[PDB]
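Have a look at the structure below, then the notes.
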Protein chains: 2
Amino acid sequence: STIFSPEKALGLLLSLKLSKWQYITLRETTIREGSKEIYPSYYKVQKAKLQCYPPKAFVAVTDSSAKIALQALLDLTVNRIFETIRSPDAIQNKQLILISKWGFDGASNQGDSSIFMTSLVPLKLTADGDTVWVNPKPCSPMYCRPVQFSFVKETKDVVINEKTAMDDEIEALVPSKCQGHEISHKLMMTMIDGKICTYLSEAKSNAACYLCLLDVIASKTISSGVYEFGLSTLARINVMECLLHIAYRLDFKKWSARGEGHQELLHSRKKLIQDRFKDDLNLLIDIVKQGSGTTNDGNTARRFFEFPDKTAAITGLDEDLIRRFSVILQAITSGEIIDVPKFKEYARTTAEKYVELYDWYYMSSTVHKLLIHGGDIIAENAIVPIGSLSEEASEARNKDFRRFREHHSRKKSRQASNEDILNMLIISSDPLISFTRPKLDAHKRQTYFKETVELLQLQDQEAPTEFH
Amino acid sequence: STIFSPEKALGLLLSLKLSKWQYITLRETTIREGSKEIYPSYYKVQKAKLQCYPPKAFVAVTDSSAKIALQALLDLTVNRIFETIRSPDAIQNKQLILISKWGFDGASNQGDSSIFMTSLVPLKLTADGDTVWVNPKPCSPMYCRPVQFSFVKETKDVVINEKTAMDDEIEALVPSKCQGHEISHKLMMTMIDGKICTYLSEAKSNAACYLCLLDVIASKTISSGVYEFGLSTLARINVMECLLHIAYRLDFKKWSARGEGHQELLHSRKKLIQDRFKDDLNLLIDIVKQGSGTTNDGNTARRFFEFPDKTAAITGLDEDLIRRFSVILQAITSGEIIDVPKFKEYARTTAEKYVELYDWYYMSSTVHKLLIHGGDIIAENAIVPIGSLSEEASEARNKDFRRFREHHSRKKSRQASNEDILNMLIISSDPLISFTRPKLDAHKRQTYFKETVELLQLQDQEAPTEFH
DNA sequence: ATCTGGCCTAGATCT
DNA sequence: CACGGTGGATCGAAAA
DNA sequence: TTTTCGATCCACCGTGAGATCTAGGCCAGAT
DNA sequence: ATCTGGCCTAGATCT
DNA sequence: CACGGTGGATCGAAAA
DNA sequence: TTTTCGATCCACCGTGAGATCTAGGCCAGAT
Ligand SMILES: [K+]
Ligand SMILES: [K+]
Ligand SMILES: [Mg+2]
Ligand SMILES: [Mg+2]
Ligand SMILES: [Zn+2]
Ligand SMILES: [Zn+2]
């Protein structure tokens, strides 16, 4: 009937960041100027705004939180993606999988102390191993689906609780159904900040490995993220700690503390290396930690690997192995896809050269996972393990929330303001809606060392400054 | 050629409060959706945006201020008003007068301490004594033309200086010219806050009157506002002070301080009346003033006349005269047009009854002007002497400035940010452009005493809460 | 065993 | 510190 | 030889996220 | 005439 | 304190 | 008996303007 369907009038209503009064006056002005058939009435705008929303028996909002039963959220997603983005019957019976990735990160608000929001972005819709739907910008806020949030300060406690709830809700849900098609789901946990990577990674450094219980007895459990968390998520901290053991034990060619005369000299070396690091680069190190195991910021681990030569000279760990750790962690943290066989052989040779540089000191668990069993988990998931919003992207999504809380919710009962935040965080995410953020500025790419670009593939949609 | 002329695409661009990127994406999206002939290109948007701007040899912006030579501003105004809002040759030679009113008021910003902006709103365009153009909402920010501003704290000093500059620039300018029509100008100063009314009114209470040098020798000088300022602008303060003299002299039936035994009892009465007022209503009074003549806030004068009965009992001034002062000041402050003969006879009878209530105390100068020569100045100007933005209106105009400073200027050299503020404060004012603010809420009208509504005419465009 | 007394975490302030 | 966002200046292609 | 059209520049000011400094509640020496 | 000492104006905080 | 601004709920007219 | 259309409601949260409280520089009693 009209030029703009409701499904595109909505896209306009979002991209221009328009209020209800603003859209109503826009359409009314276009009408008054003689043209009559361009902008759907708000009635239809909202009648599509409803098909963007899940069944209201599943959206549970309270004055403190808003939770969408993941089942309904995934049903909604796989319904919208079809409803517009596939010419139907392109496949008749081929299996469908909506490969998606989720997570959360608190962000202060400058009461509403700091939002803490689970989040979900549909990455791809694959059929029988073939692509039907691809996300044009997997690090852009275009497709951030909210699963739940609540205005609680992001302690370790609220994080561990929310992760427990969400990781059981994930195990629960059943494949979704749309127009005679039975779509299964695959969710990974990669929307993790650094702080949260510490809060979750610091359960304990456990002395085991599942595959190694050399040969393999193939039995795998990929779910609940524990594999990815322990192996590669923001292992950097552990790595800086792990090697540091050697940086102290550099005297007696062993790990234990049972020796006589080993321990006093070992303590003194810890002393002097900590004094050296404190005087040359002013970075606090493991020397002060009493709770939940030895732990440091991501600040210290990053600034450790931030320059290979300087700290490599400092610690006495010869510069080449620190070069290798810096480059492989640069690969993980980079945000680009990991080429399986090249990264795998780089890691295998790094392992070989490392063990033949230090064989007295056996393989530390976290590093043993990162290097030996490292690449095959990027393989079995085909993921970007750091995959999460860019600096400009997370900045835009947090400004999205602050806008939808301050300008696009209704200042009533408080059940409603959170209800509208949740609404617009679905609408603005709808895989069905065209949505145009202003064009980014071309930034010089993240300066990378001379041995990583072969591990990455720089045909890219990302432009972050300090992380990715 | 296209549905929206540039002159209406601009109206849309403003009313929706749209940025340049937002308008460009709006038009581009409408284009991409198949319709091609609706939204002018930004090139034409801006080519009309130029005809909204005065000749750039007159806009003088510096890192501290922005001043438009009033001549150019009035030329621009009388050009735009014709260019769209008159079917030409409706009159061929009849004289033209753009009756306008101006003023200023500082407003803090919550560096950019507080803007202090001259302002101008074209009220009417009259021809040979007949209306051609009428302002639909003379208290709305729709037509606020900026003459100059500068980010300076609003002392009495900057105000008196800016008023001197503007009142000489007004005397200077020459009738404007548009398409064979020679338009003269008439500007009044009514865009005055209360604070500014004090800062200007407190030159001195001078012992004279021009008409009275009983009969009249007709010689009049209406310009420079001095008449309106001294006579009726926010005289209320003076009135509360003037009568207060009697409220002290209630003992000896005279004005002077030469008596013996008069003065001590007079001081004691001042004491006790000040103690009574301080204990019953907690309002500070004239008793403490050492500089620039006796002066009080508008707070105290208003709260004085805020209830007739209570303070009327307190002061000993019989309640009826205070009823009359309250009602006539309510008329001035009300914001509604003043019916000349009814208001005039009300004031004449108030004068008669007052002098026959207190004749010992001669007519104080400010009150003598307000009541005896009072109405004829509303006559010779046909004005709303309080005419100035409403609460919601001034709130919207100050939010206009904060928006055009924070969102619609360019963050460059600072010559430019002020240049764009000035631009959009002209554009958003253009008498040529349709501009739709969101619809106001119906408020209960300002509660008025039972003898004023005959002085006002409540066929109204105004909806303020505390002032008008 | 008490009396205050040098440290380990949240707000405030850089960058 | 880094980046986003301002609206005009400027330039080249194009329209013609 | 004019207008129109689009992209890019200009360059700084807020903002904001991460990252550093600064104030109050708890296990060792003397009675 | 000096030495500090009770008041009259700007920022901060209600409403 | 007062008012503006939120987007949906609800209702009546209307479309038909 | 459905959809569509418009206006009005819901009612509270920021904001903001005016209006109140709170900290530093100047003319009288003793040397
Ligand atoms: K940032
Ligand atoms: K107000
Ligand atoms: Mg975080
Ligand atoms: Mg003012
Ligand atoms: Zn293993
Ligand atoms: Zn007179």
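Every chain in the structure tokens has a letter given in the order shown (A, B, ...), and although residue numbers restart at 1 in each chain, ligands are simply numbered from 1 in the order shown.
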
What are the residues of chain B lining chain E at 10 Å or less? Count only C-alpha atoms (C1' of nucleotides), and put the answer as a PDB file with C-alpha atoms, in the first residue's frame.
```pdb
ATOM      1  CA  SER B  41      19.453  18.199  -0.911  1.00  0.00           C
ATOM      2  CA  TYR B  42      21.481  19.671   1.917  1.00  0.00           C
ATOM      3  CA  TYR B  43      22.926  22.035  -0.666  1.00  0.00           C
ATOM      4  CA  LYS B  44      19.517  23.663  -1.024  1.00  0.00           C
ATOM      5  CA  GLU B 406      26.093  21.634  22.725  1.00  0.00           C
ATOM      6  CA  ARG B 410      30.805  23.192  15.470  1.00  0.00           C
ATOM      7  CA  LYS B 411      33.518  22.434  18.010  1.00  0.00           C
ATOM      8  CA  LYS B 412      36.289  24.333  16.274  1.00  0.00           C
ATOM      9  CA  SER B 413      38.040  27.748  16.694  1.00  0.00           C
ATOM     10  CA  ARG B 414      35.169  29.115  18.983  1.00  0.00           C
TER      11      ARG B 414
END
```

| request: Output as a ChimeraX atom specification the set of chain A residues within 8 Å of chain G, with distances taken over only C-alpha atoms (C1' of nucleotides). | output: /A:20,407-411,420

| What residues in chain F lie within 12 Å of chain B, counting only C-alpha atoms (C1' of nucleotides), written as JSON, numbers by chain? | {"F": [7, 8, 10]}

| request: Dump as a ChimeraX atom specification the residues of chain A that approach chain B to within 12 Å, counting only C-alpha atoms. | output: /A:2-5,8-9,11-39,434-439

Give the residues close to ligand 3, within 9 Å, counting only C-alpha atoms (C1' of nucleotides) and all ligand atoms; write them as a PDB file with N, CA and C atoms, in the first residue's frame.
```pdb
ATOM      1  N   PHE A 104      28.032 -10.359  29.045  1.00  0.00           N
ATOM      2  CA  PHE A 104      27.569  -9.234  29.843  1.00  0.00           C
ATOM      3  C   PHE A 104      28.750  -8.372  30.233  1.00  0.00           C
ATOM      4  N   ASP A 105      28.469  -7.111  30.535  1.00  0.00           N
ATOM      5  CA  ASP A 105      29.477  -6.277  31.171  1.00  0.00           C
ATOM      6  C   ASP A 105      28.807  -5.083  31.824  1.00  0.00           C
ATOM      7  N   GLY A 106      29.149  -4.826  33.079  1.00  0.00           N
ATOM      8  CA  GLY A 106      28.617  -3.664  33.753  1.00  0.00           C
ATOM      9  C   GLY A 106      29.255  -2.395  33.228  1.00  0.00           C
ATOM     10  N   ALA A 107      28.512  -1.300  33.314  1.00  0.00           N
ATOM     11  CA  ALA A 107      29.009  -0.004  32.869  1.00  0.00           C
ATOM     12  C   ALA A 107      28.372   1.077  33.725  1.00  0.00           C
ATOM     13  N   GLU A 154      28.639  -4.435  39.959  1.00  0.00           N
ATOM     14  CA  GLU A 154      29.171  -5.677  39.420  1.00  0.00           C
ATOM     15  C   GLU A 154      30.258  -6.220  40.336  1.00  0.00           C
ATOM     16  N   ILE A 192      32.736 -10.788  27.093  1.00  0.00           N
ATOM     17  CA  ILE A 192      33.353 -10.698  28.410  1.00  0.00           C
ATOM     18  C   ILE A 192      34.355  -9.553  28.408  1.00  0.00           C
ATOM     19  N   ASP A 193      34.262  -8.689  29.411  1.00  0.00           N
ATOM     20  CA  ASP A 193      35.257  -7.657  29.655  1.00  0.00           C
ATOM     21  C   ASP A 193      36.483  -8.288  30.312  1.00  0.00           C
ATOM     22  N   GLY A 194      37.495  -7.476  30.612  1.00  0.00           N
ATOM     23  CA  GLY A 194      38.651  -8.013  31.315  1.00  0.00           C
ATOM     24  C   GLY A 194      38.355  -8.311  32.772  1.00  0.00           C
ATOM     25  N   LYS A 195      37.761  -7.341  33.471  1.00  0.00           N
ATOM     26  CA  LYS A 195      37.406  -7.525  34.871  1.00  0.00           C
ATOM     27  C   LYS A 195      36.591  -8.792  35.073  1.00  0.00           C
ATOM     28  N   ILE A 196      35.611  -9.016  34.208  1.00  0.00           N
ATOM     29  CA  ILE A 196      34.766 -10.195  34.329  1.00  0.00           C
ATOM     30  C   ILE A 196      35.554 -11.452  34.013  1.00  0.00           C
ATOM     31  N   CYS A 197      36.507 -11.350  33.092  1.00  0.00           N
ATOM     32  CA  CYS A 197      37.358 -12.496  32.826  1.00  0.00           C
ATOM     33  C   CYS A 197      38.144 -12.884  34.064  1.00  0.00           C
TER      34      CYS A 197
END
```
